[PDB]
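What follows is one structure encoded as structure tokens, with my remarks underneath.
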Amino acid sequence: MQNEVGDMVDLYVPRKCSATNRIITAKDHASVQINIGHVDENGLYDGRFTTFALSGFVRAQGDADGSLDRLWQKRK
Amino acid sequence: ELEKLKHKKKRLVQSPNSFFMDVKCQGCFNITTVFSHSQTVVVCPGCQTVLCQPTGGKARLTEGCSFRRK
Amino acid sequence: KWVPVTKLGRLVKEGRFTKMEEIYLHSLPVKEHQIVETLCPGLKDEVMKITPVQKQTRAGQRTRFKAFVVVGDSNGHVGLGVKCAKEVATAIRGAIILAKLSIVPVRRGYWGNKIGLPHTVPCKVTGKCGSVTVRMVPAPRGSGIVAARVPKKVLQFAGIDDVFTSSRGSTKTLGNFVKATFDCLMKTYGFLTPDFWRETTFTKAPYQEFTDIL
Amino acid sequence: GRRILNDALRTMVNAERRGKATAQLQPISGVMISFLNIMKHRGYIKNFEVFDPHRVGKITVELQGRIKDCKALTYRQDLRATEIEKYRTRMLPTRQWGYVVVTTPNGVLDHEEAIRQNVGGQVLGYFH
Amino acid sequence: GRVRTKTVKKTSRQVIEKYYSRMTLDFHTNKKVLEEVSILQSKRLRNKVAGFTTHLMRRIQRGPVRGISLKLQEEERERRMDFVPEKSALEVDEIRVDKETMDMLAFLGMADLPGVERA
Amino acid sequence: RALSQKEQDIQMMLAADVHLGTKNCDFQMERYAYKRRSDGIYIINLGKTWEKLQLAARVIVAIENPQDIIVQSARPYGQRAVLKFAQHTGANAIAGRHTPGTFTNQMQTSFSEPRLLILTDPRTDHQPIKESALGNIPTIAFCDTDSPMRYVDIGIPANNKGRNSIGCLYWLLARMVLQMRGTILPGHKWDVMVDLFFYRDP
Amino acid sequence: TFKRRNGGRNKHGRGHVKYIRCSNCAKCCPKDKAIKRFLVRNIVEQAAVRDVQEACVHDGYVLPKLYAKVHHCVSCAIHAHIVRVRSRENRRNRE
RNA sequence: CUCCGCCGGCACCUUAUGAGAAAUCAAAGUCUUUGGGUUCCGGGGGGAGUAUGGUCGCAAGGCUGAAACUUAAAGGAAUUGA
Ligand SMILES: [Mg+2]
Ligand SMILES: [Mg+2]
Ligand SMILES: [Mg+2]
Ligand SMILES: [Mg+2]
Ligand SMILES: [Mg+2]
Ligand SMILES: [Mg+2]
Ligand SMILES: [Zn+2]
């Protein structure tokens with residue numbers, strides 16, 4: 001990461017699985033990036049969604065469903 | 001809850017499955033306390049009658065012996 | 001000319017990417033080799049081993065020649081392609097296509113003082129394939145690349161300038177040996193470091209960002 | 001037999017490498033609690049709840065999945081404050097992060113603290 | 001030893017797809033039909049194809065058939081596929097469920113639910 | 001008074017034979033199977049089913065271009081269901097059998113880069129699940145109580161082995177996708193009736 | 001190269017299994033390695049059932065069946081085609 | 001006899017997210033990101049479990065056990081063929 005001068009030297013700070021916090025490599029093709037839209041009122045949609053990242057490990061476990069369930073129990 | 005299913009020493013806080021029970025027989029309206037897993041026969045001091053029979057688990061009560069867990 | 005057949009290849013042909021970082025960040029499968037040719041232009045190709053395998057038939061033995069090529073730029077993108085074909089010409093072409101379809105990132109690090117450009121690998125890292133295994137340990141600046149000739153030819157392409165290598169297993173099999181060095185390099189962004197701890201605000205995927213063009 | 005501080009460290013490694021949220025450790029110790037404190041203080045696990053009903057004890061730690069490894073170097077060596085520095089290279093992924101946890105006469109504490117206080121000790125384990 | 005090959009069979013499927021109402025069942029008509037709707041270079045292949053499309057006609061003219069795509073029969077099999085009753089058949093005035101199902105409803109707070117009856 | 005959409009639709013699903021799972025359960029979805037009838041057969045928490053039905057609806061309606069979604073069924077009970085689901089939601093249904101390579105074989109004639117995949121049965125459509133696992137394709141699957149949920153992102157716990165269940169489930173997903181995209185104005189009146197989805201056996 | 005998980009025999013929890021004699025050749029093979037079939041064969045085949053039930057003295061008589069339990073070894077089983085060499089995959093099922 | 005659940009056995013079936021040279025293994029896993037404890041034991045193939053020395057045994061034998069010299073392969077797993 002941050003050089004001692006002010007620059008940041010690494011490339012594409014990777015994203016992390018939201019269920020396991022393992023970072024998803026650049027060849028983890030079993031990784032998904034779900035998008036869950038928000039309903040508001042009459043109309044029940046606008047271009048406003050929450051986003052989740054799931055790794056190949058998490059999906060192959062079979063707990064990828066449970067992770068989405070217990071993370072989409074988040075409230076705002 | 002399932003913590004009555006989970007093993008005795010694998011529960012989060014170790015607890016016995018046994019209890020002490022107050023048995024009243026018919027032949028003598030007194031009260032006598034026994035342990036759920038008796039391990040020995042028990043005779044009512046008054047009417048001399050048998051109350052339990054020791055087995056591999058809980059005791060086996062004699063006919064018409066009303067017990068209250070306590 | 002190209003005639004792209006994957007929507008990623010499309011998004012690249014009308015040229016609304018610039019560098020391979022947006023594809024890597026989103027973990028997408030690159031299926032057309034002409035993507036990387038335009039995204040990373042300073043790419044160097046190189047064949048190191050042409051070894052002949054033989055299958056034996058009723059008539060005799062039919063030999064196929066398989067090519068182990070590495071392509072990369074000296075700035076953290078490296079790729080290994082292995083491809084077996086009857087002629088050495090088509091073996092090499094297939095292997096260079098697979099090499100540019102298997103480009104991965106290489107993150108570098110610093111040994112002790114984060115001054116100047118990064119030189120070594122971040123940490124102690126293991127690559128294993130078959131029975132050959134390779135370590136890469138960080139090395140102080142200006143320590144040269146100390147490793148066998150094969151990982152040295154991987155690493156001078158992958159851009160690492162200094163590193164300490166210790167290796168196990170039958171390194172004489174160049175196939176498994178270079179595939180193990182490449183395994184060790186691809187998983188350098190597999191390593192969860194205190195510096196990555198800051199939770200990552202996501203970005204729209206290419207497929208979701210540029211949807212209207214589809 | 002038992003050599004706990006292993007029953008526990010390999011339990012957290014197994015649980016975290018799998019991805020569990022809460023792990024429970026069947027024995028406890030002053031070493032266990034003072035070890036988990038070093039992990040938590042350096043920011044590798046979140047809090048943990050020590051079930052001390054009446055027995056040896058029990059712990060449940062709530063992992064963030066931000067730890068990558070932790071190990072016990074049973075065969076607890078001795079360790080002067082000069083070869084702090086050739087273990088820190090020997091066990092750890094690099095010269096930047098990862099900690100070696102050495103029991104010292106100022107309590108259980110990691111190696112940079114040990115160097116600052118200028119004490120040695122005996123290595124209990126490490127984590128990174 | 002008279003199995004027609006792939007060229008014969010797939011010209012059969014393609015021609016009878018591409019031209020239905022302009023062929024018949026009587027063999028000898030089909031020959032000349034195909035002579036004017038196709039260009040071939042062997043009168044024995046020509047008869048070989050006609051002799052197979054004729055009983056392909058025989059099987060189609062009674063029932064349905066594999067790959068070939070024909071508009072008068074796709075359209076009708078969609079006309080009756082888009083068929084729904086006067087009123088929706090899954091009718092909910094009387095659902096008869098069992099005790100643990102009503103337990104699920106009790107869990108869900110829908111303790112009394114219209115038309116749900118103890119079996 | 002009136003009744004909530006929860007209430008209507010749960011009546012729908014009860015009468016449609018969706019609460020009755022299979023003889024057994026899988027650990028990955030005992031978080032749904034509520035209890036056991038003494039037959040041994042389990043019964044699914046339809047409250048959680050309907051919560052996951054909203055979840056699936058949101059995940060579908062988050063797609064900008066509905067043409068970029070694939071829904072599939074290999075069971076001979078769901079072809080009608082999935083085809084009508086596509087004709088109403090603008091999806092791209094692929095009914096029947098799946099040609100291996102529809103997702104990865106970039107030079108196959110039938111190619112498709114779904115931004116989302118819907119699967120009537122994780123068992124029978126085990127080919128597309130694995131294929132998605134190579135192409136980064138999030139997956140919504142109707143998991144019956146004997147389902148291998150490996151590589152399944154959004155699994156609706158719902159019986160899918162009766163003549164009514166699959167049609168019912170796709171009618172619910174259909175209406176919720178339409179409601180969330182607002183194409184049917186608020187008011188539980190949707191003019192497409194359910195018995196359309198159930199297959200017609202010639 | 002191990003060819004079978006159970007070793008070709010099903011012995012678990014034991015160290016010794018009392019042996020038996022092959023019916024063909026009298027090779028000694030352990031009781032639970034031997035191809036055991038319980039065949040129950042009519043005294044006669046279906047060309048010879050009526051010609052004996054129209055000669056049974058007392059009407060309403062039913063023929064016996066030869067109940068016997070034959071034991072074979074692996075050699076005599078393969079030779080008699082009682083069992084066959086199955087493929088690597090097909091070798092694994094037990095039905 | 002049926003249903004459910006705890007221990008404790010011998011096992012068995014699917015799966016890698018694991019290991020490995022692989023066959024295969026849910027324990028042969030938690031190992032180059034290498035340390036829970038403990039015992040025994042192997043260092044290319046032969047010669048050789050041989051010569052000798054010791055020692056137990058009535059005897060066959062057992063336990064302990066080399067060197068010279070010979071050699072560039074011996075061997076494992078799987079693949080195609082024949
Ligand atoms: Mg035993
Ligand atoms: Mg024996
Ligand atoms: Mg048992
Ligand atoms: Mg030797
Ligand atoms: Mg051998
Ligand atoms: Mg061999
Ligand atoms: Zn025999």
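Labels used: A, B, ... for chains in the order of the structure tokens, numbers from 1 for residues in each chain, and numbers from 1 for ligands as shown.
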
Check which residues of chain H sit at most 12 Å from ligand 1 using only C-alpha atoms (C1' of nucleotides) and all ligand atoms, and return one row each with the closest pair of atoms and their distance in Å to one decimal, ordered by chain and rising number, as CSV.
```
residue,atom,partner,partner_atom_place_in_ligand_line,distance
H:8,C1',ligand 1,1 (Mg),11.6
H:9,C1',ligand 1,1 (Mg),6.9
H:10,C1',ligand 1,1 (Mg),6.7
H:11,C1',ligand 1,1 (Mg),11.2
```

Generate the output file for the selected residues, N, CA and C atoms (P, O5', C5', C4', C3', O3' and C1' of nucleotides), as a PDB file, in the first residue's frame.
```pdb
ATOM      1  P     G H   8     -18.504 -40.617  22.531  1.00  0.00           P
ATOM      2  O5'   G H   8     -17.894 -42.075  22.494  1.00  0.00           O
ATOM      3  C5'   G H   8     -17.615 -42.743  23.705  1.00  0.00           C
ATOM      4  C4'   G H   8     -17.817 -44.221  23.572  1.00  0.00           C
ATOM      5  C3'   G H   8     -17.431 -44.838  22.249  1.00  0.00           C
ATOM      6  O3'   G H   8     -16.036 -44.962  22.059  1.00  0.00           O
ATOM      7  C1'   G H   8     -19.485 -45.718  22.939  1.00  0.00           C
ATOM      8  P     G H   9     -15.402 -44.664  20.613  1.00  0.00           P
ATOM      9  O5'   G H   9     -15.282 -46.101  19.960  1.00  0.00           O
ATOM     10  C5'   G H   9     -16.428 -46.700  19.392  1.00  0.00           C
ATOM     11  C4'   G H   9     -16.383 -48.201  19.440  1.00  0.00           C
ATOM     12  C3'   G H   9     -16.113 -48.853  18.091  1.00  0.00           C
ATOM     13  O3'   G H   9     -14.742 -49.150  17.921  1.00  0.00           O
ATOM     14  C1'   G H   9     -18.181 -49.595  18.917  1.00  0.00           C
ATOM     15  P     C H  10     -13.973 -48.688  16.602  1.00  0.00           P
ATOM     16  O5'   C H  10     -14.485 -49.707  15.504  1.00  0.00           O
ATOM     17  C5'   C H  10     -14.158 -51.080  15.606  1.00  0.00           C
ATOM     18  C4'   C H  10     -14.840 -51.895  14.542  1.00  0.00           C
ATOM     19  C3'   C H  10     -14.742 -51.354  13.133  1.00  0.00           C
ATOM     20  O3'   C H  10     -13.506 -51.648  12.522  1.00  0.00           O
ATOM     21  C1'   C H  10     -16.961 -52.011  13.574  1.00  0.00           C
ATOM     22  P     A H  11     -12.808 -50.554  11.583  1.00  0.00           P
ATOM     23  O5'   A H  11     -13.532 -50.731  10.180  1.00  0.00           O
ATOM     24  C5'   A H  11     -14.361 -49.706   9.664  1.00  0.00           C
ATOM     25  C4'   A H  11     -15.652 -50.270   9.134  1.00  0.00           C
ATOM     26  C3'   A H  11     -16.217 -49.598   7.907  1.00  0.00           C
ATOM     27  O3'   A H  11     -15.581 -50.050   6.723  1.00  0.00           O
ATOM     28  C1'   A H  11     -17.946 -49.966   9.490  1.00  0.00           C
TER      29        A H  11
END
```

Quiz item: Counting only C-alpha atoms (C1' of nucleotides) and all ligand atoms, what residues are within 9 Å of ligand 6, given as a ChimeraX atom specification?
Solution: /G:1 /H:76-78

Quiz prompt | strand (DSSP E) positions in chain A, given as a PyMOL selection string | solution = chain A and resi 32-38+46-54

Could the residues in this selection be written to a file with C-alpha atoms, as a compact mmCIF listing (two decimals), in the first residue's frame?
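That gives us result14.txt:
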```txt
# COMPACT_ATOMS: atom_id res chain seq x y z
CA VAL A 32 -20.33 -13.41 -7.33
CA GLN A 33 -21.21 -9.79 -6.62
CA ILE A 34 -24.87 -9.78 -5.70
CA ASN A 35 -26.95 -6.61 -5.92
CA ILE A 36 -30.13 -6.32 -3.85
CA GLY A 37 -32.39 -3.44 -4.78
CA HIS A 38 -34.22 -1.26 -2.30
CA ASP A 46 -35.28 2.89 -7.52
CA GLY A 47 -31.73 2.56 -8.75
CA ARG A 48 -30.51 2.15 -5.17
CA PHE A 49 -29.11 -1.23 -4.16
CA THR A 50 -26.81 -2.87 -1.64
CA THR A 51 -23.95 -5.01 -2.87
CA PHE A 52 -22.39 -8.24 -1.62
CA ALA A 53 -19.27 -10.14 -2.63
CA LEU A 54 -19.08 -13.90 -2.30
```

Sorted by chain and rising residue number, list the residues of chain C at most 9 Å from chain F (counting only C-alpha atoms), each with its closest atom pair and distance in Å to one decimal, as a tab-separated table.
```
residue	atom	partner	partner_atom	distance
C:5	CA	F:106	CA	6.7
C:6	CA	F:106	CA	6.8
C:7	CA	F:113	CA	7.7
C:27	CA	F:136	CA	8.0
C:28	CA	F:136	CA	7.2
C:29	CA	F:135	CA	6.6
C:31	CA	F:106	CA	7.2
C:32	CA	F:106	CA	8.8
C:207	CA	F:115	CA	7.3
C:208	CA	F:64	CA	7.3
C:211	CA	F:64	CA	6.7
C:212	CA	F:65	CA	7.7
C:214	CA	F:65	CA	8.2
```

Exercise. Provide the CA of residue 118 in chain E to CA of residue 97 in chain E distance in Å, to one decimal place.
Key: 6.4 Å

Could you please extract the residues within 9 Å of ligand 2, counting only C-alpha atoms (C1' of nucleotides) and all ligand atoms, and hand them back as a PDB file with N, CA, C and O atoms, in the first residue's frame?
```pdb
ATOM      1  N   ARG G  14     -12.783 -58.382  13.235  1.00  0.00           N
ATOM      2  CA  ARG G  14     -12.233 -59.703  13.477  1.00  0.00           C
ATOM      3  C   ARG G  14     -10.771 -59.746  13.069  1.00  0.00           C
ATOM      4  O   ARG G  14     -10.220 -58.788  12.532  1.00  0.00           O
ATOM      5  N   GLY G  15     -10.136 -60.874  13.359  1.00  0.00           N
ATOM      6  CA  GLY G  15      -8.801 -61.143  12.872  1.00  0.00           C
ATOM      7  C   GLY G  15      -8.753 -62.476  12.164  1.00  0.00           C
ATOM      8  O   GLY G  15      -7.883 -62.725  11.324  1.00  0.00           O
ATOM      9  N   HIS G  16      -9.702 -63.340  12.506  1.00  0.00           N
ATOM     10  CA  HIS G  16      -9.783 -64.695  11.987  1.00  0.00           C
ATOM     11  C   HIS G  16     -11.218 -65.059  11.649  1.00  0.00           C
ATOM     12  O   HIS G  16     -12.123 -64.847  12.458  1.00  0.00           O
ATOM     13  N   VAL G  17     -11.410 -65.641  10.469  1.00  0.00           N
ATOM     14  CA  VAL G  17     -12.706 -66.129  10.018  1.00  0.00           C
ATOM     15  C   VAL G  17     -12.569 -67.615   9.708  1.00  0.00           C
ATOM     16  O   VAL G  17     -11.719 -68.006   8.899  1.00  0.00           O
TER      17      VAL G  17
END
```

Quiz item: For chain H against chain F, which residues fall within 12 Å using only C-alpha atoms (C1' of nucleotides), given as a PyMOL selection string?
Solution: chain H and resi 2-4+14-17

How would you write, as a PDB file with N, CA, C and O atoms (P, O5', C5', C4', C3', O3' and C1' of nucleotides), in the first residue's frame, the set of residues no farther than 9 Å from ligand 4 when counting only C-alpha atoms (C1' of nucleotides) and all ligand atoms?
```
ATOM      1  P     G H  42      16.647 -49.119  10.672  1.00  0.00           P
ATOM      2  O5'   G H  42      16.020 -48.467   9.364  1.00  0.00           O
ATOM      3  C5'   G H  42      15.393 -49.258   8.367  1.00  0.00           C
ATOM      4  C4'   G H  42      15.173 -48.461   7.109  1.00  0.00           C
ATOM      5  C3'   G H  42      16.391 -47.704   6.604  1.00  0.00           C
ATOM      6  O3'   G H  42      17.182 -48.515   5.760  1.00  0.00           O
ATOM      7  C1'   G H  42      14.509 -46.262   6.667  1.00  0.00           C
ATOM      8  P     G H  43      18.728 -48.194   5.526  1.00  0.00           P
ATOM      9  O5'   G H  43      18.718 -46.812   4.746  1.00  0.00           O
ATOM     10  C5'   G H  43      18.269 -46.757   3.402  1.00  0.00           C
ATOM     11  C4'   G H  43      18.709 -45.497   2.710  1.00  0.00           C
ATOM     12  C3'   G H  43      20.204 -45.209   2.763  1.00  0.00           C
ATOM     13  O3'   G H  43      20.632 -44.685   1.512  1.00  0.00           O
ATOM     14  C1'   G H  43      19.002 -43.376   3.630  1.00  0.00           C
ATOM     15  P     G H  44      21.579 -45.548   0.548  1.00  0.00           P
ATOM     16  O5'   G H  44      20.816 -45.514  -0.833  1.00  0.00           O
ATOM     17  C5'   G H  44      19.400 -45.464  -0.870  1.00  0.00           C
ATOM     18  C4'   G H  44      18.918 -45.967  -2.194  1.00  0.00           C
ATOM     19  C3'   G H  44      19.028 -47.466  -2.371  1.00  0.00           C
ATOM     20  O3'   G H  44      17.889 -48.139  -1.867  1.00  0.00           O
ATOM     21  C1'   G H  44      20.032 -46.382  -4.198  1.00  0.00           C
ATOM     22  P     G H  45      18.009 -49.589  -1.194  1.00  0.00           P
ATOM     23  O5'   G H  45      18.236 -50.544  -2.433  1.00  0.00           O
ATOM     24  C5'   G H  45      17.334 -50.519  -3.522  1.00  0.00           C
ATOM     25  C4'   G H  45      17.823 -51.361  -4.666  1.00  0.00           C
ATOM     26  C3'   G H  45      18.286 -52.749  -4.299  1.00  0.00           C
ATOM     27  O3'   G H  45      17.204 -53.639  -4.150  1.00  0.00           O
ATOM     28  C1'   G H  45      19.816 -51.757  -5.803  1.00  0.00           C
TER      29        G H  45
END
```

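Between CA of residue 20 in chain D and CA of residue 22 in chain F there is a distance of 28.7 Å.
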
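Reported to one decimal place, the separation of CA of residue 171 in chain F from CA of residue 53 in chain F is 11.0 Å.
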
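DSSP on the backbone gives alpha helix (DSSP H) for these parts of chain A: residues 56, 57, 58, 59, 60, 61, 64, 65, 66, 67, 68, 69, 70 and 71 of chain A.
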
Quiz prompt | All residues 8 Å or closer to range 18-27 of chain B, only C-alpha atoms (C1' of nucleotides), same chain fewer than 5 positions away omitted, as a VMD selection string | solution = chain B and resid 32 to 37 47 49 51 64 to 70

Practice problem: With a distance cut-off of 8 Å and only C-alpha atoms (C1' of nucleotides), select the neighbouring residues of residue 178 in chain C, excluding the residue or stretch itself and same-chain residues fewer than 3 positions from it, and output the selection as a ChimeraX atom specification. | Solution: /C:150-151,154,174-175,181-182

Within 6 Å of range 61-76 of chain A, counting only C-alpha atoms (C1' of nucleotides), which residues show up once you throw out same-chain ones fewer than 2 positions away? Write them as a PDB file with N, CA, C and O atoms, in the first residue's frame, please.
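What follows is the written file result-v1.pdb:
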```pdb
ATOM      1  N   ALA A  19     -18.775 -12.601   3.472  1.00  0.00           N
ATOM      2  CA  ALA A  19     -19.121 -13.671   4.394  1.00  0.00           C
ATOM      3  C   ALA A  19     -17.926 -14.247   5.129  1.00  0.00           C
ATOM      4  O   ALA A  19     -18.066 -14.661   6.282  1.00  0.00           O
ATOM      5  N   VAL A  58     -16.745 -19.694  -0.472  1.00  0.00           N
ATOM      6  CA  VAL A  58     -18.023 -19.596   0.216  1.00  0.00           C
ATOM      7  C   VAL A  58     -19.110 -20.295  -0.579  1.00  0.00           C
ATOM      8  O   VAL A  58     -19.936 -21.019  -0.012  1.00  0.00           O
ATOM      9  N   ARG A  59     -19.135 -20.098  -1.898  1.00  0.00           N
ATOM     10  CA  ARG A  59     -20.170 -20.779  -2.666  1.00  0.00           C
ATOM     11  C   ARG A  59     -19.988 -22.290  -2.624  1.00  0.00           C
ATOM     12  O   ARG A  59     -20.935 -23.022  -2.325  1.00  0.00           O
TER      13      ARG A  59
ATOM     14  N   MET F 149     -27.085 -27.797  -2.050  1.00  0.00           N
ATOM     15  CA  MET F 149     -27.103 -26.352  -2.176  1.00  0.00           C
ATOM     16  C   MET F 149     -25.718 -25.806  -2.484  1.00  0.00           C
ATOM     17  O   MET F 149     -25.474 -24.605  -2.358  1.00  0.00           O
ATOM     18  N   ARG F 150     -24.810 -26.670  -2.911  1.00  0.00           N
ATOM     19  CA  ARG F 150     -23.471 -26.239  -3.271  1.00  0.00           C
ATOM     20  C   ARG F 150     -23.512 -25.390  -4.533  1.00  0.00           C
ATOM     21  O   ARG F 150     -24.103 -25.785  -5.542  1.00  0.00           O
ATOM     22  N   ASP F 153     -26.586 -19.485  -4.529  1.00  0.00           N
ATOM     23  CA  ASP F 153     -26.548 -18.236  -3.778  1.00  0.00           C
ATOM     24  C   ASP F 153     -27.860 -17.968  -3.064  1.00  0.00           C
ATOM     25  O   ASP F 153     -27.876 -17.732  -1.854  1.00  0.00           O
ATOM     26  N   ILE F 154     -28.968 -17.990  -3.782  1.00  0.00           N
ATOM     27  CA  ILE F 154     -30.243 -17.591  -3.217  1.00  0.00           C
ATOM     28  C   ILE F 154     -31.171 -18.783  -3.349  1.00  0.00           C
ATOM     29  O   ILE F 154     -31.709 -19.056  -4.425  1.00  0.00           O
TER      30      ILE F 154
END
```

Quiz prompt | Distance filter 8 Å, only C-alpha atoms (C1' of nucleotides), chain G against chain H, as a ChimeraX atom specification | solution = /G:1-2,12-13

Serialized selection, N, CA and C atoms, as a compact mmCIF listing (two decimals), in the first residue's frame:
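The resulting out.txt:
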```txt
# COMPACT_ATOMS: atom_id res chain seq x y z
N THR G 1 -0.61 -51.22 -5.49
CA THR G 1 -1.91 -50.92 -6.06
C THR G 1 -2.99 -51.72 -5.37
N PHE G 2 -3.81 -51.04 -4.59
CA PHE G 2 -4.90 -51.69 -3.89
C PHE G 2 -6.11 -51.74 -4.81
N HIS G 12 -14.44 -57.12 9.15
CA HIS G 12 -14.14 -55.97 9.99
C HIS G 12 -14.45 -56.32 11.43
N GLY G 13 -13.56 -55.93 12.34
CA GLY G 13 -13.75 -56.22 13.74
C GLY G 13 -13.21 -57.55 14.17
```

Exercise. Could you please extract the residues within 12 Å of ligand 7, counting only C-alpha atoms (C1' of nucleotides) and all ligand atoms, and hand them back as an MDAnalysis selection string?
Key: chainID G and resid 20:29 34:36 70:80 82

Written file, previous selection with N, CA, C and O atoms, as a compact mmCIF listing (two decimals), in the first residue's frame:
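Saved result, again07.txt, follows:
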```
# COMPACT_ATOMS: atom_id res chain seq x y z
N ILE G 20 -14.18 -72.55 4.93
CA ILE G 20 -15.11 -73.50 4.34
C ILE G 20 -14.46 -74.13 3.12
O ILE G 20 -13.38 -73.72 2.69
N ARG G 21 -15.16 -75.08 2.52
CA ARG G 21 -14.66 -75.82 1.37
C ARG G 21 -15.42 -75.40 0.12
O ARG G 21 -16.65 -75.38 0.13
N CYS G 22 -14.69 -75.10 -0.95
CA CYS G 22 -15.37 -74.86 -2.21
C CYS G 22 -16.11 -76.11 -2.65
O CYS G 22 -15.67 -77.23 -2.42
N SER G 23 -17.28 -75.91 -3.26
CA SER G 23 -18.07 -77.06 -3.65
C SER G 23 -17.52 -77.75 -4.88
O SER G 23 -17.72 -78.96 -5.05
N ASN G 24 -16.84 -77.01 -5.75
CA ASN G 24 -16.26 -77.61 -6.94
C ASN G 24 -14.96 -78.33 -6.61
O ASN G 24 -14.85 -79.55 -6.76
N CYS G 25 -13.98 -77.58 -6.12
CA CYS G 25 -12.61 -78.04 -6.04
C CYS G 25 -12.11 -78.29 -4.63
O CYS G 25 -11.04 -78.88 -4.48
N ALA G 26 -12.84 -77.85 -3.61
CA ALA G 26 -12.46 -78.00 -2.21
C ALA G 26 -11.25 -77.16 -1.84
O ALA G 26 -10.50 -77.52 -0.94
N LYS G 27 -11.04 -76.04 -2.51
CA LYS G 27 -10.09 -75.06 -2.02
C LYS G 27 -10.61 -74.48 -0.72
O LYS G 27 -11.81 -74.38 -0.51
N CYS G 28 -9.70 -74.15 0.18
CA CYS G 28 -10.07 -73.60 1.48
C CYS G 28 -10.03 -72.09 1.38
O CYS G 28 -8.96 -71.50 1.19
N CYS G 29 -11.19 -71.46 1.48
CA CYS G 29 -11.30 -70.01 1.50
C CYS G 29 -12.19 -69.61 2.66
O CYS G 29 -13.10 -70.35 3.02
N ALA G 34 -15.95 -66.19 0.47
CA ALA G 34 -16.44 -67.15 -0.50
C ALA G 34 -17.74 -66.68 -1.13
O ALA G 34 -18.65 -66.21 -0.44
N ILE G 35 -17.83 -66.84 -2.44
CA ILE G 35 -19.02 -66.51 -3.20
C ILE G 35 -20.13 -67.47 -2.78
O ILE G 35 -20.17 -68.62 -3.20
N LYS G 36 -21.04 -66.99 -1.94
CA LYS G 36 -22.09 -67.81 -1.38
C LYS G 36 -23.40 -67.46 -2.06
O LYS G 36 -23.86 -66.31 -1.98
N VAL G 70 -24.90 -73.50 -1.61
CA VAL G 70 -23.62 -73.87 -2.17
C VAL G 70 -22.61 -72.79 -1.83
O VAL G 70 -22.94 -71.61 -1.72
N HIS G 71 -21.37 -73.21 -1.62
CA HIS G 71 -20.26 -72.30 -1.42
C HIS G 71 -19.26 -72.50 -2.54
O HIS G 71 -18.99 -73.63 -2.95
N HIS G 72 -18.70 -71.40 -3.04
CA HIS G 72 -17.66 -71.49 -4.05
C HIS G 72 -16.50 -70.60 -3.65
O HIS G 72 -16.64 -69.69 -2.84
N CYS G 73 -15.34 -70.88 -4.23
CA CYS G 73 -14.23 -69.96 -4.09
C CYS G 73 -14.25 -68.99 -5.27
O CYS G 73 -15.09 -69.07 -6.16
N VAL G 74 -13.29 -68.07 -5.26
CA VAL G 74 -13.19 -67.09 -6.34
C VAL G 74 -12.80 -67.75 -7.65
O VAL G 74 -13.31 -67.39 -8.71
N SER G 75 -11.91 -68.73 -7.60
CA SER G 75 -11.49 -69.39 -8.83
C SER G 75 -12.66 -70.10 -9.49
O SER G 75 -12.93 -69.91 -10.68
N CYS G 76 -13.39 -70.90 -8.72
CA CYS G 76 -14.49 -71.65 -9.30
C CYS G 76 -15.64 -70.73 -9.67
O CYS G 76 -16.35 -71.00 -10.64
N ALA G 77 -15.82 -69.63 -8.95
CA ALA G 77 -16.85 -68.67 -9.35
C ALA G 77 -16.52 -68.04 -10.71
O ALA G 77 -17.35 -68.07 -11.62
N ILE G 78 -15.32 -67.50 -10.87
CA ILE G 78 -14.96 -66.92 -12.16
C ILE G 78 -15.06 -67.95 -13.26
O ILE G 78 -15.53 -67.66 -14.37
N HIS G 79 -14.61 -69.18 -12.99
CA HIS G 79 -14.64 -70.19 -14.04
C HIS G 79 -16.06 -70.59 -14.42
O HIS G 79 -16.33 -70.85 -15.59
N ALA G 80 -16.96 -70.67 -13.46
CA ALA G 80 -18.33 -71.06 -13.74
C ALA G 80 -19.19 -69.89 -14.16
O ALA G 80 -20.38 -70.07 -14.41
N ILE G 82 -20.31 -67.66 -12.39
CA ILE G 82 -21.16 -67.22 -11.30
C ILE G 82 -20.98 -65.73 -11.08
O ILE G 82 -21.93 -65.01 -10.77
```
